[PDB]
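Trainee: Residue numbers (PDB author numbering): 3 to 146. There's a structure below that I have some questions on.
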């Protein structure tokens, strides 16, 4: 199925994300009939994520949307999105400033950092239609 990981860092905020809502709304509207994929997403302040990476591997520096891609040997035809790590203060501010439902900002902001970071658009043979339709159903299917 289409499993996604929504890991919030704050317990009390001005607009909690909750996986049920986010996942269901976005990821739920993408595979209402056929589901299959894995998208890990960690939403926490800059310091946490940055330190988190640099503490266990030494990743980049104070970025905006850092994600962790899976093993990219050659082509490997299989549904996947990999791990993701983004800040809420930024996206929440962007979405909050845009004056639009954070629901879309999430599905969009996640995919924005998912591809722009690794490019899960692997092999255009199988993963193509799957991935394409995958991102298309959540991004276009709703028309953010």
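All residues carry an ideal CB built from backbone N, CA and C; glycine is no exception.
Span of the beta strand (DSSP E) holding residue 88?
Mentor: Here residue 88 is taken as the residue at index 86 of the chain shown, counted from 1. 85-88 is the extent of the beta strand (DSSP E) around residue 88.
Trainee: Can you tell me where the alpha helix (DSSP H) holding residue 22 begins and where it ends?
Mentor: Translated into positions along the chain shown, residue 22 becomes position 20. It spans 21-32 - the alpha helix (DSSP H) in which residue 22 sits, taken as one unbroken run.
Trainee: Pick helix, strand or coil for residue 18, following the three-state DSSP scheme.
Mentor: Start at 1 with the first residue of the chain shown, and residue 18 comes out as number 16. Reduced to three states, the DSSP call for residue 18 is coil.
Trainee: Roughly how many angstroms separate the alpha carbons of residue 90 and residue 130, rounded to a whole number?
Mentor: In the chain shown, the residue the question calls residue 90 occupies position 88. In the chain shown, the residue the question calls residue 130 occupies position 128. The alpha-carbon atoms of residue 90 and residue 130 are separated by roughly 30 Å.
Trainee: Go ahead and label residue 85 buried or exposed: buried means 16 or more other beta carbons lie within 10 angstroms of its beta carbon, across all protein chains shown.
Mentor: On the chain shown, residue 85 is found 83 positions in, with the first residue counted as 1. With 16 or more other Cβ atoms within 10 Å, it is buried.
Trainee: Using DSSP with H/G/I as helix, E/B as strand and the rest coil, what is residue 3?
Mentor: By one-based count along the chain shown, residue 3 stands at place 1. Correct three-state label for residue 3: coil.
Trainee: Can you list, in chain order, the residues of its chain whose CB lies under 7 Å from that of residue 122, leaving out five sequence neighbours each side?
Mentor: In the chain shown, the residue the question calls residue 122 occupies position 120. Excluding positions up to five away in sequence, the list reads 82, 83, 84, 116, 133.
Trainee: Using C-beta distances below 6 Å, list every residue in its chain close to residue 37, excluding the 5 sequence neighbours before and after it, in chain order.
Mentor: Taking the chain shown and counting its residues from 1, one reaches residue 37 at position 35. The answer, listed in chain order, is 3, 4.
Trainee: Would you kindly report the start and end of the unbroken alpha helix (DSSP H) that includes residue 104?
Mentor: Position 102 of the chain shown holds residue 104. Per DSSP, residue 104 belongs to the alpha helix (DSSP H) from 104-117.
Trainee: Measuring CA to CA, which of 7, 63, 71, 31 is closest to residue 124?
Mentor: Working through the chain shown from its first residue, we reach residue 124 at position 122. Of the listed residues, the one whose Cα sits closest to residue 124 is 71.
Trainee: Between the Cα of residue 105 and the Cα atoms of 24, 13, 135, which residue gives the shortest distance?
Mentor: For this step, residue 105 is matched to residue 103 along the chain shown. Cα-wise, what sits closest to residue 105 is 24.
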